[PDB]
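Given next, in structure tokens, is a single chain: the form deposited in one PDB entry.
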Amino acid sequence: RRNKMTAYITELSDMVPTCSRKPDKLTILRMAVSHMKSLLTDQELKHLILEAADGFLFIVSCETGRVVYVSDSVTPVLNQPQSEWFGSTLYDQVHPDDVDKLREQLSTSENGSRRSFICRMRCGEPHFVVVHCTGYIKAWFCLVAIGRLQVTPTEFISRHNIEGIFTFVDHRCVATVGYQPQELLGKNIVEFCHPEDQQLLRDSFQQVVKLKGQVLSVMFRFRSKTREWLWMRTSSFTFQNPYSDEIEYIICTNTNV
């Protein structure tokens, strides 16, 4: 108790050189008083928000979407000048497919209220970043908000049932094997394998299910749309539902070799 108080007074004195023969307790109390009198404003809070979540404040009009205030922070989050944002509407700074959603969030027909949504805003052939906007409405009708950026071939991956049927295949297949994804789905992978290698493939599948979780590996000749035998390495592991441990499917990464 008394030790905590002494450590408190000392750590107070610790960081302040002005008072640091260390004096009477009352004098360091009035000392901290006088040092604080020389000294929480908004610019530090702005930098705290920009540090924590890379966010910037903006006030727009609820009716015409013309922004009435953008903070400087708009420049590091979107590489967009302040002069751009000021004098325009949010509809111009938002992905065209996102205007209707904007329209509702800026609507005053439904409801001091609070807003929270996601959209895509263009940054400095265009490019859009996902921005989470949280804010409320203010008569000034206007929307006060903070928009923040969270921001946190030679192969193709496929999903299979434990039998070996393609239940999922990514587009990269068309470049590696030459098939459109539709010609692979619903068919067993051993259908596309050289018969001489087929058994091997099947064995590997039996092994990925017996040895759950562990990634297994097999190399075989895959038939392409051009009917050429292409050697390929497939690394396969079963994926389990993290709650029930049920095998959802088997993930394979088929890599040209």
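The first residue of the sequence shown is number 1, and the count goes up from there. In this text, rigid core is short for the largest set of C-alphas that superpose within 1.5 Å between two forms.
One more form of this protein exists, namely the form deposited in another entry; it is left out here, but the text below deals with it.
Fitting the two forms on the rigid core leaves the C-alpha of residue 199 displaced by at least 2 angstroms between this form and the one not shown.
The Cα position of residue 246 differs by less than 2 Å between this form and the one not shown after fitting on the rigid core. After superposition on the rigid core, displacement of the C-alpha of residue 61 between this form and the one not shown stays below 2 Å.
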